[PDB]
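Since the structure comes first, as structure tokens, the remarks are kept for the end.
Note that each Cβ is placed from the backbone with ideal geometry, even for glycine, and that neighbours are counted across all protein chains shown. Derivation of every value follows stated rules applied to the coordinates shown; laboratory data play no part.
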Amino acid sequence: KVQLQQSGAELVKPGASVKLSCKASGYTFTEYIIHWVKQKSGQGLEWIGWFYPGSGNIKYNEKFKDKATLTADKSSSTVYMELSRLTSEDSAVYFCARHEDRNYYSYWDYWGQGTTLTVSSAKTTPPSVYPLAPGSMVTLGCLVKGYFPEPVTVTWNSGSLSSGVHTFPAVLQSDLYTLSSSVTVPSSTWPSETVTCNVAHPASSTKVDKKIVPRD
Amino acid sequence: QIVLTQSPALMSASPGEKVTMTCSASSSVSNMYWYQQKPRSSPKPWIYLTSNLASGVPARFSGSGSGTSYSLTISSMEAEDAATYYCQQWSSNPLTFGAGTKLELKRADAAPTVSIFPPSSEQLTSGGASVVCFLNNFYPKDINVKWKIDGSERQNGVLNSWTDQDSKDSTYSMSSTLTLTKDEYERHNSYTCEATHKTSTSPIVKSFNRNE
């Protein structure tokens, strides 16, 4: 089956370079053209350029002419995009897309997920996880404050509580991210049984479990 | 290079209703291509070659245009149709997109379930105090949060966040945070979360006291 797989999220200091990769598999590499698209979080899509393996033909969106370099390995069926002299407005989610070489009656039929590049001088910071207990249907939650790199992972009881959960998008309080999550469960369920929100901030490799306890 | 201008980005439609999005172009174009994108997910191809309908798409969708004004039409709206739809051009260089129109499910207006939370004993021990206030499951999206401590409006230090529309019941939810110093919090007594929504003729209040 056709699958395009891209490198994981990145965090680089301004000025340095980054090499984003798009790995193809399940189809002949030298028959389709790989496009690259940038989507600044929130805003709309923007094209950067295409690359055709085989001929090695490139054609940059002429805005990103000095920003981006398109190369390819071909032995691993992998297209590369390097961005150099990074600044704050390069922080965006970057897609790769596939299109047939000689068609016209085709479209960008397969995409390869996002890669969220973050350009900042902020230091990588683990999160502080605080439980939130109240004081017929009982709402709980935990607060995840004071982390930077992004993203984080919040489950409840290792994923045993799925429905009735609301994990909210992060925001920058100063120059650190803050996130909140909630779970609502029957009064018969809690505090008579354990409730433990599970947080994971992979950029610092932390993995935290906080039991929600009623107050005194 | 052509600039692609889309119709109302915030569009609301209930199931059954017929929807129409339009993509306007600065210069004439041969064909138009539409894409769909879900909450932080890879955009998939929806309609290509102006009106061909890509692979995966129900026939309730339809493309049209053939000029400088193109359009995407849903004959019968369904719940799995809430998303943001982009229009792409292939004719000139460079390749450009529209800004996107975010389609939304219009349903019966629901009022929020409000919950307020005092700071944890952990946060105080590290010298910090955050009063969280959850507003879960409501429609429509528009809502204002008003904080009150000792019966007066705390203007700054507020922090809002919204989840997107629920795939099940199509409602929204909102987390409001209020971060104080451990010392400033251990001074006032009543902490009120006053929420204003279009459903109710009065704000929904949830408050608590430190002396508990």
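Among the residues of the stretch B:38-48, how many are farther than 16 Å from B:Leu4 by Cβ, out of contact with any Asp or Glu (no Cβ under 7 Å at 6 or more places or on another chain) and not in a strand (DSSP E or B)? It would help to see each step written out before you state the result.
Step one: filter the stretch B:38-48 for residues farther than 16 Å from B:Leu4 by Cβ, giving B:38-42, B:44-45.
Still in the running and out of contact with any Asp or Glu (no Cβ under 7 Å at 6 or more places or on another chain): B:38, B:40-42, B:44.
Add one more test, that the residue is not in a strand (DSSP E or B), and what stays is B:38, B:40-42.
So the count comes out to 4.
Can you tell me which of B:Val158, B:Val145 is touching an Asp or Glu at 6+ places or on another chain (Cβ under 9 Å), under 23 Å from A:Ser174 (Cβ atoms) and not charged (D, E, K, R)?
Details: B:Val158 fails: touching an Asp or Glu at 6+ places or on another chain (Cβ under 9 Å).
Matching residue, one of B:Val158, B:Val145: B:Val145.
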Filter the stretch A:130-160 for residues that are among the polar types (S, T, N, Q) and in a loop (DSSP other than H, G, I, E, B); the one that is nearest to A:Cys197 (Cα to Cα) is A:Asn157
Considering residues that are over 17 Å from the mean Cα position of the chain (by Cα) and more than 20 Å from B:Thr201 (Cα to Cα), the number found within the stretch B:99-127 is 12
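Within the stretch B:94-103, can one find any residue that is among the hydroxyl-bearing types (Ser, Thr, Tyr), at the interface with chain A (Cβ under 10 Å from one of its Cβ atoms) and either under 21 Å from A:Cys96 (Cβ atoms) or in a loop (DSSP other than H, G, I, E, B) (or both)?
First, the residues of the stretch B:94-103 that are among the hydroxyl-bearing types (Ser, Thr, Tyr): B:96, B:101.
In the following step, the residues that additionally are at the interface with chain A (Cβ under 10 Å from one of its Cβ atoms) were identified as B:96.
Still in the running and either under 21 Å from A:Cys96 (Cβ atoms) or in a loop (DSSP other than H, G, I, E, B) (or both): B:96.
Yes.
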Expected single match for surrounded by fewer than 13 Cβ atoms within 10 Å (Cβ to Cβ) and away from chain A (no Cβ under 12 Å) among B:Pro58, B:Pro39, B:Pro15 is B:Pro58
Exactly one of A:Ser181, A:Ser163, A:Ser106, A:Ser174 is in a strand (DSSP E or B), within 12 Å of chain B (Cβ to nearest Cβ) and not hydrophobic (A, V, I, L, M, F, W, C), and that residue is A:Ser181
Scanning the stretch B:104-114 residue by residue, the ones that are closer than 20 Å to A:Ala133 by Cα and either more than 8 Å from chain A (Cβ to nearest Cβ) or surrounded by 21 or more Cβ atoms within 10 Å (Cβ to Cβ) (or both) total 2
Do we have A:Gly42 as surrounded by fewer than 16 Cβ atoms within 10 Å (Cβ to Cβ) and more than 13 Å from chain B (Cβ to nearest Cβ) here?
no
Of the residues in the stretch B:64-93, those that are away from every other protein chain (no Cβ under 14 Å) and within 17 Å of A:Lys38 (Cβ to Cβ) come to none
With criteria (1) within 10 Å of another protein chain (Cβ to nearest Cβ); (2) in contact with a strand residue (DSSP E or B) (Cβ under 6 Å, 6 or more places away or on another chain); (3) not basic (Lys, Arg), A:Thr196 comes up short on (1)
In the set A:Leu143, A:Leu83, A:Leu117, the lone residue that is over 30 Å from A:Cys22 (Cβ atoms) and either buried (at least 21 other Cβ atoms within 10 Å of the Cβ) or touching an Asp or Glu at 6+ places or on another chain (Cβ under 9 Å) (or both) is A:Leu143
On the given criteria, is B:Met77 part of a strand (DSSP E or B) and among the aliphatic types (A, V, I, L, M)? no
Note: among B:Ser126, B:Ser207, B:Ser202, just one is exposed (fewer than 13 other Cβ atoms within 10 Å of the Cβ), of a type in the set (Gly, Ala, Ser) and out of contact with any helix residue (DSSP H, G or I) (no Cβ under 9 Å at 6 or more places or on another chain), namely B:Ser202
So, first residue more than 14 Å from every other protein chain (Cβ to nearest Cβ) in the stretch A:121-137, second residue crowded, with 18+ Cβ neighbours inside 10 Å and in a loop (DSSP other than H, G, I, E, B), Cβ within less than 6 Å, six or more apart or across chains; the pairs are A:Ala122/A:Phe148; A:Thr124/A:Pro149; A:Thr124/A:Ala203; A:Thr125/A:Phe148
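Kindly indicate the residue of the stretch B:18-36 that is surrounded by fewer than 19 Cβ atoms within 10 Å (Cβ to Cβ) and part of a loop (DSSP other than H, G, I, E, B) and also farthest from the other protein chains (Cβ to nearest Cβ) among those meeting that condition. Steps first, please.
If we filter the stretch B:18-36 for residues that are surrounded by fewer than 19 Cβ atoms within 10 Å (Cβ to Cβ), which is where we start, we get B:18, B:20, B:22, B:24, B:26-28, B:30-31.
Imposing the further condition that a residue be part of a loop (DSSP other than H, G, I, E, B) reduces the set to B:18, B:26-28, B:30-31.
Numbers: B:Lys18: 25, B:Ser26: 15, B:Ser27: 17, B:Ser28: 18, B:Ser30: 10, B:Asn31: 9 Å.
It comes out as B:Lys18.
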